[PDB]
């Protein structure tokens, strides 16, 4: 999938993907955007811990947590509580949008 919704987490080894782009939460705690095999962007936090998870929070903050729940890296975009999405876009940009402004209200 190419979208991480607020309230969701990407566990170790999990990722967002689109075409040849992979945004992965690595086991060495480095969050990396790859274009095939080339690292395009990273949090540069590899080695600081093991088995981190990525959380797209309801306050709009994207945070990498270690098992002890200490924040290793954050987008520092926390703020208003609502619904947000982190998207790995077709143009290779990873963007956080929010909050929701309109909906059809057809959610199950």
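Numbering follows the first chain given and starts at 1.
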Legend entry - Residue stretch of maximal mean CA temperature factor, 75-83 vs 57-65: 75-83
Inset, instruction - Give the stretch, out of 46-54 and 28-36, with the larger mean C-alpha temperature factor in the deposited entry. - result: 46-54
Inset, instruction - Have a look at 104, 108, 2, 6 and flag the one whose Cα has the highest B-factor in the entry. - result: 108
Inset, instruction - Compare the C-alpha B factor of residue 99 with those of the other modelled residues in its chain, then answer lowest, middle or highest third. - result: middle
